Ligand SMILES: [Ag+]
C-alpha cells in the first residue's frame, strides 16, 4: 500500500512484539533449550564417539579449565562404546538393555568445552548422512512410485517396516501384482542401493529407524532453535534502528546498515552465552557496532579502503576536529602527525585518499545542461603524433628496409617485432638462420652503420621528434 | 595462551616469533581451530630460552641448534658445547679483526679540522 | 673503460659495485653508449677507497660517508676522526657485550663431559 521498503520493514517490525527483561531471559532460555536439544540428541549418535576421539587426539598435543580434565573427560565415552558395541550390533539389535546402555552413553556427555568450529563438524557429518539416506529414499521413490504403476500410498506401509534386508523388495511383488512383475528390470538399481544402505547401517552400527528418529529430533531441535533465533532477532530490531542514528552519514543508505546490524545481531545470538547474567542489548551493541563499522569500511566508498585504514582515518578525522575546536584554524598535517604518533608522509598518504570520487552527474556548470563527463581527458590518447607517426614510421621502415636486399632485414624485422607477433632475441632468430648470436649482432651493427649515416635515412632521422 | 600476550609478558614482539615460525626455529604449535594459535608452557619456555639466547649475542643458527635439543629427555650437552665453543671462537676472531682495524686506523687523523684546502694525507696513503 | 680489469684491480665483482651504484653513496658513472659502466682515474680512486675500507678497514655505513666526503673534494681529516671515534665507541660497546656473553657462557654452560649421563639441565638453567 506504499512505495518505501523501509516503511513496510517498520510495519513488519511492528507486527511482532518486543520483550521485557523476563521475556529476554525467557527467549534466552528458549535458545538454551534449542541448543541443548541438539546437544543431548547428538549424544545418541555413534559418530560422536569418533568425533570425541579425534578431539582427544587433537588436544593430546596441547576463563579456562585445566587440560587434565580434557584428557580424562574425553575417554569414558570410548569405554561406553566398547561395552555397548557387543549389544547394539551383536546378539540382535532389538534389545531393551542395549537401549539402556545407549541412554547410559548419552547421559555422560555433558563435558562439552564448547568450540564453534567443533560444533559445525558433527552437524555437517549428520547432515550429509541424512542427505545420503534422503536421496536413497528419493531414488527408491523414483523407482517405485513413478515406475511399476503403484502410487505413493503403496510404498510407506512396506517402507516403515524394516528397510534392512531383501524382504521389502519382494514385499512389493505382493500376492498378484501384475503391473509390478518386472523384477529384473527394476532390481539393478534397487539391490545396489540396498547394499549401500546395508553398508551405511553397518557403518553406524544401528537400524535405520533409530537413526531416522534421531535425525527427526535433529530437525525438530534445529527448527525450534531457528524459531527462537527468529523471535530473538525480531524482538531486537528496535536495537539496530536505534543504534543506526549515530552513523547516518551520506556514504550508505539506512537499510544496508540495518541489515548489516541484523547479521551482527545474528552472530551475537550464538555469541551471547547468557549464563554470565548480562542483557542482550549491552553485548549485542558491540557486535552491531562492529558490523556497522565493517559496512562503512568495505562499502560507502568507491575505492575500497580496508577497515584498519578506515579506523586510522576516522581517528585522524576526530583528532582534526579536536584540533579545530582547540585552535580555530585549519588543521595542519604536522600537529595531526605528532598527535597520531605516526610519520607525516603516512598522514598525507591517508589524507590523499579522502573521499568518494565526484560522480558523473554533478552540476559543475551554471545550469542542468552540461554535467560531468564532458571534461575528462582521454587516458588512451590518440594524438596527431600517435595516430600519424605510428603508421608512417611503419611505412618508412617498410620502404627503407626493403632496400636491404639480404637477410639483415629479415633478421631485423623480428629483432624488434616489425610485421611479426612475438618479439625475439638473438637466440630465437639464431635458431631459424644463424644460431651463433654474435653473427646476428654483427649484421645488426652493420645495418646500424648503414642506417646511422645522414645520407639516405634522413627521412628516418626526421622521425626523432 | 595466545602468542602476542605471551610475547608481551616475556618482553618479545610477535614479528620475531612469527619469523621463527616461518623458518625451522620454533616447533609448530597446534591450530586452535580459529584465527589464533595456542601455546604450551613448554613452548613458552623454549620461546624465552631462544629470547635469552638471541639477546646475549648468539647467532640464530646455533640458538636453533640449542632449541632443537630442548624439550626432549635426551639433552646431550657435549657436542653442542663444542659447537658453542666454535661459535665463540668465531666471535673472538671477529673481535680480533675489528680490533686489528681499530689499532690499524687510529694514528693518522690528527690535523685538518675542516678547512677548505684540498690537501689530506690520509686518502692518498690509504689509496 | 669497462669494469672488468678495474674489478680485478679493486678486488670485487660486478654485483657488489652494481649494488653500490644502486645505493645513494656512489656518484653516477659514464655509460659508453652501450649501458656499460665507465670509471675514470678519480672513479678508480673512489673505488679503491671504498674497497680499502669495506673489505679492509670499515663497514658500509662509514665507507659510504668517506666516499661521500671524498667527492667534495675538500677532504677533512678531523670529521673522519670524530666519525671513527664514534665508530670505536660503538665497537667497544659491541665487544663489551660479547665479552659479557662469553663470561655468561663460561659461567652457565659448564657441564659433564661425554659419558653415559645424559639429560643435563644446563639448557634449562640458561632458559630461566
Ligand atoms: Ag684536509
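So basically every Cβ, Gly included, is an ideal-geometry build from the backbone, and we count neighbours across all protein chains shown. Every number in this text was worked out from the coordinates using simple rules, so none of it is lab data.
For this structure, a couple of remarks:
- Residue satisfying all of: in region C:56-75; facing chain B (nearest Cβ under 7 Å) and within 16 Å of the ligand (Cβ to nearest atom); nearest to residue B:89 (Cα to Cα) among these: C:70
- The residues listed here are C:24, C:35; of these, the one that is at positive phi and more than 8 Å from chain B (Cβ to nearest Cβ) is C:35.
- When residue B:125 is tested against the conditions (1) within 13 Å of the ligand (Cβ to nearest atom); (2) closer than 29 Å to residue B:64 by Cβ, the lone failure is (2).
- The residues of region C:91-108 that are more than 7 Å from chain B (Cβ to nearest Cβ) and surrounded by 12 or more Cβ atoms within 10 Å (Cβ to Cβ), listed by number, are C:92, C:94, C:99, C:100, C:108.
- Test: residue C:10 is in contact with a helix residue (DSSP H, G or I) (Cβ under 6 Å, 6 or more places away or on another chain), under 30 Å from residue B:119 (Cβ atoms), at the interface with chain B (Cβ under 9 Å from one of its Cβ atoms) and away from the ligand (no atom under 16 Å from the Cβ): no
- For region B:98-121, a tally of residues being under 18 Å from residue C:63 (Cβ atoms) and within 8 Å of the ligand (Cβ to nearest atom) returns 1.
- From the options C:78, C:111, C:118, C:53, residue that is within 9 Å of chain B (Cβ to nearest Cβ), touching a helix residue (DSSP H, G or I) at 6+ places or on another chain (Cβ under 6 Å) and surrounded by fewer than 18 Cβ atoms within 10 Å (Cβ to Cβ): C:111
- Number of residues in region B:1-29 that are part of a loop (DSSP other than H, G, I, E, B) and surrounded by 15 or more Cβ atoms within 10 Å (Cβ to Cβ) equals 6.
- Note on region A:240-253: among residues that are assigned to a helix (DSSP H, G or I) and out of contact with any helix residue (DSSP H, G or I) (no Cβ under 6 Å at 6 or more places or on another chain), the one that is surrounded by the fewest Cβ atoms within 10 Å (Cβ to Cβ) is A:242.
- Across region C:39-55, the number of residues qualifying as within 13 Å of residue C:17 (Cα to Cα) and within 16 Å of the ligand (Cβ to nearest atom) comes to 1.
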